[PDB]
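Colleague: Residue numbers (the entry's author numbering): 2 to 691.
I'd like to ask some things about the structure below.
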Ligand SMILES: [Fe+3]
Ligand SMILES: [Fe+3]
Ligand code: NA
């Protein structure tokens with residue numbers, strides 16, 4: 002499987018460094034590494050895709066391209082920049098000009114520009130995006146490049162087609178067939194090459210990264226001949242880039258295959274080479290250093306190391322919602338872009354949720370369409386990737402979403418703790434929260450809270466509130482043990498490892514497949530599912546909510562299993578040792594659980610609010626188009642999409658973040674449990690926040 006990593010190159014100078022690295026690794030008896038010779042980034046991406054190479058560092062822009070249809074690569078290790086005191090995995094895209102003229106970012110038409118390359122991050126993807134309003138581009142078949150050519154009088158944009166767009170290669174200084182080329186041959190290529198374009202005075206502006214003026218000018222006197230164009234039509238010095246930049250973007254990263262990518266071997270070689278040939282490690286070879294006339298050979302010069310990129314992260318999540326969809330927008334009209342801007346894409350966990358969602362989309366008047374995934378976490382990933390937008394989450398999943406940057410918008414407002422009748426001001430009524438309780442059969446009279454451990458259990462699903470966070474949370478306060486799979490003997494807790502004791506009692510869907518998956522296909526998933534687990538004498542205790550018991554007994558649920566059950570056949574376990582009836586939950590419950598909340602991005606908050614409020618006026622609880630057509634909070638006690646016992650989606654009253662909504666100490670509770678184990682998505686977002 003691994004005994005030599007193949008590193009793809011794009012240049013003769015680049016191949017020579019590759020060979021140096023090869024023989025210095027041999028010099029020190031460390032990890033081997035072969036070298037491949039190609040002529041361009043796209044060729045190396047193809048190379049890796051057909052097992053003819055292993056890995057290649059690529060700019061943000063080419064991470065996107067490397068992750069699409071045929072190839073499907075992913076970032077396995079990102080570059081690190083800045084100082085050892087303050088390492089970062091991100092850089093800034095700026096626009097450096099000379100000192101003299103008095104123009105601004107909005108006064109660039111008619112001027113001459115100096116870019117790094119086509120489809121690069123700082124060089125194309127950001128500048129063209131910031132300047133789109135000024136381009137007067139009409140949209141598709143006409144390439145965006147064409148509009149740029151009319152904008153700037155002349156410029157050098159390596160990689161551009163000289164023949165179709167001659168204006169974009171006027172100021173490049175290559176000779177013959179090397180003019181406007183995507184290689185070192187063309188003098189004004191990459192960061193240092195584009196600042197040289199500024200230098201010579203060919204261009205008037207140069208779109209590069211922030212550290213480029215510091216890398217090429219020695220004395221601090223030569224740097225005071227340059228300022229930075231700002232988004233707010235202002236000029237400032239080259240050291241105030243923090244407060245003056247076009248964008249904030251991910252760093253370049255070593256990519257590789259998704260399926261058999263030899264991730265292990267890539268990281269092993271990179272860390273070893275980071276330790277023996279990193280920042281001033283050995284004068285006989287420099288990993289992050291190149292000869293005089295060359296620049297940024299195999300990795301970025303003046304880099305300080307690598308930093309492993311977590312398994313769950315893909316091309317898109319890496320690039321982040323802001324930059325990822327911006328790349329996507331360059332291949333779209335202004336009409337298509339603002340149209341997506343104003344529609345809400347709900348995510349659906351499971352085919353059953355998906356089916357209810359399509360019904361809603363048909364009657365939404367094109368304000369809602371749907372996406373889908375097999376689990377809750379996968380759907381959160383989709384909102385970060387910009388493919389989806391919103392979704393109703395249980396308090397437990399609000400934390401995970403919370404640490405991935407999403408925020409709460411509207412929360413489910415269940416019938417109040419006996420306050421009013423079908424409340425008119427439900428939308429402005431503050432949320433009271435629901436009650437987490439434990440449930441058992443009457444016949445088993447010896448079962449109490451002090452002896453529930455050891456018996457079979459019926460959970461909703463892992464990382465949910467009443468199902469997991471609270472029951473395991475109290476049991477953790479006592480024992481302290483992080484092994485949650487020994488608390489109960491056998492149990493059904495969807496989301497857990499299927500060959501685990503935690504999935505032993507699950508039964509899957511009607512065919513017998515899908516055991517212990519955390520969507521509604523599992524018969525015993527969710528509140529209704531956990532109670533079902535109880536009633537059928539699969540488990541002994543079942544951690545759901547009070548109203549779940551009510552809603553599934555005394556003929557309130559006409560399905561096969563719940564047809565003949567009655568409310569008096571069930572009791573609740575109290576913390577003191579006592580047991581009461583289900584109606585006495587107010588005085589016999591484990592803890593208060595905060596309401597479910599519909600979350601989205603910070604950029605989709607205002608439109609999502611005016612849409613949900615409108616759609617609920619139509620298909621709500623007291624909705625005008627209710628029974629006849631469709632109802633949002635109605636799916637026949639399966640809780641598809643929203644909870645059935647939801648009155649209305651309500652405002653949060655200033656609790657606008659995951660911290661303020663859940664509550665200080667609820668967040669404390671979750672974190673402690675997460676110390677024993679984090680999810681791959683939790684590990685993913687943690688990387689991206691740094
Ligand atoms: Fe870059
Ligand atoms: Fe809940
Ligand atoms: Na690089």
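Yeah, the Cβ is synthetic: ideal placement off N, Cα and C, and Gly gets one too.
(1) Put residue 222 into one of helix, strand or coil per three-state DSSP.
(2) What would DSSP say about residue 305, mapped onto helix, strand or coil?
(3) With a Cβ-Cβ cutoff of 8 Å, do residue 298 and residue 105 count as a contact?
(4) For the segment 531-549 against the segment 431-447, do three or more pairs of beta-carbon atoms, one drawn from each stretch, fall closer than 8 Å, so that the two count as touching?
(5) Alpha carbon to alpha carbon, how far is residue 46 from residue 179?
(6) Check the DSSP bridge columns for residue 228 and list the partner residues they point to.
(7) Could you check how far apart the C-beta atoms of residue 705 and residue 114 are, in whole angstroms? I think they sit under 8 Å.
(8) When DSSP labels each residue in this structure, what does residue 208 get in the three-state scheme?
(9) Does ligand 2 have a heavy atom nearer than 7 Å to the CB of residue 594?
(10) Pick out the complete alpha helix (DSSP H) segments inside the segment 642-668, 4 residues or longer, and give them in chain order.
(11) Could you pull the start and end residues of the beta strand (DSSP E) that residue 413 belongs to?
(12) From what residue to what residue does the beta strand (DSSP E) around residue 378 run?
(13) Give the C-beta separation of residue 291 and residue 597 to the nearest angstrom, bearing in mind that I take them to be a contact with Cβ-Cβ under 8 Å.
(14) Are residue 64 and residue 331 touching if we call contact CB-CB under 8 Å?
(15) Where DSSP assigns a beta bridge to residue 599, which residues make up the other side?
(16) Near residue 682, which residues of its chain fall below 8 Å by C-beta distance, leaving aside the five closest residues on each side in sequence?
(17) Quick one: any contact between the segment 407-418 and the segment 655-667, if contact means 3 or more CB pairs under 8 Å?
(18) Evaluate residue 516 with the Cβ neighbour count: other Cβ atoms within 10 Å of its Cβ, from every protein chain shown; 16 or more gives buried, anything less gives exposed.
(19) Under a Cβ-count criterion, where at least 16 other Cβ atoms within 10 Å of its own Cβ denotes burial, should residue 677 be classed as buried or exposed?
(20) What number of angstroms, rounded off, separates the C-alpha of residue 148 from the C-alpha of residue 324?
(21) What residue does the alpha helix (DSSP H) around residue 145 start on, and which one ends it?
(22) Contact between the segment 190-210 and the segment 111-131 is defined here as three or more beta-carbon pairs at a separation below 8 Å; is this criterion met?
(23) Have a look at 610, 19 and 631 and flag the residue whose alpha-carbon is nearest the alpha-carbon of residue 620.
(24) In the DSSP output, what is residue 442 paired with across the bridge?
(25) Which partner residues does residue 80 have in the DSSP bridge list?
(26) Less than 7 Å separating the Cβ of residue 597 from some heavy atom of ligand 2?
(27) Can the beta-carbon of residue 93 be found less than 8 Å from the beta-carbon of residue 249?
(28) Give a single yes or no on whether residue 402 has its beta carbon closer than 7 Å to a heavy atom of ligand 1.
(29) Might you give, ordered along the chain, the residues of its own chain that have their beta carbon closer than 6 Å to the beta carbon of residue 471, omitting 5 neighbours on each side?
(30) Apart from the five residues just before and just after residue 374, which ones in its own chain have a Cβ nearer than 7 Å to its Cβ?
(31) Beta carbon of residue 465: closer than 7 Å to some heavy atom of ligand 2?
(32) In three-state terms, what does DSSP make of residue 477?
(33) Hey, would you say residue 7 sits closer than 8 Å to residue 35, going by beta carbons?
(34) If contact is defined by three or more beta carbon pairs under 8 Å, each pair taking one atom from either stretch, is the segment 256-273 in contact with the segment 54-61?
(35) Any chance the CB of residue 621 is under 7 Å from a heavy atom of ligand 1?
(36) Between the Cα of residue 110 and those of 121, 128, 638 and 367, spot the shortest distance and give me the residue it belongs to.
Modeller: Here's the rundown:
(1) helix
(2) coil
(3) no
(4) yes
(5) 22 Å
(6) 98 and 238
(7) Any property of residue 705 remains undetermined from this structure, which presents the chain solely from 2 to 691.
(8) strand
(9) yes
(10) 659-663
(11) 408-415
(12) Looking at the DSSP string, residue 378 is not in any beta strand (DSSP E); the run it does join, the alpha helix (DSSP H), is 377-385.
(13) About 55 Å; that fails the 8 Å criterion.
(14) no
(15) Note: residue 599 sits in a beta bridge opposite 393 and 411.
(16) 313, 378, 381, 382, 401 and 405
(17) yes
(18) buried
(19) exposed
(20) 21 Å
(21) 145-152
(22) yes
(23) Taking the Cα of residue 620 as reference, the smallest distance to any Cα among 610, 19 and 631 is reached at 631.
(24) 571
(25) Partner residues in the beta bridge of residue 80, as assigned by DSSP, are 307.
(26) yes
(27) yes
(28) no
(29) 437, 591 and 592
(30) 348, 350, 380 and 383
(31) yes
(32) helix
(33) yes
(34) yes
(35) no
(36) 128
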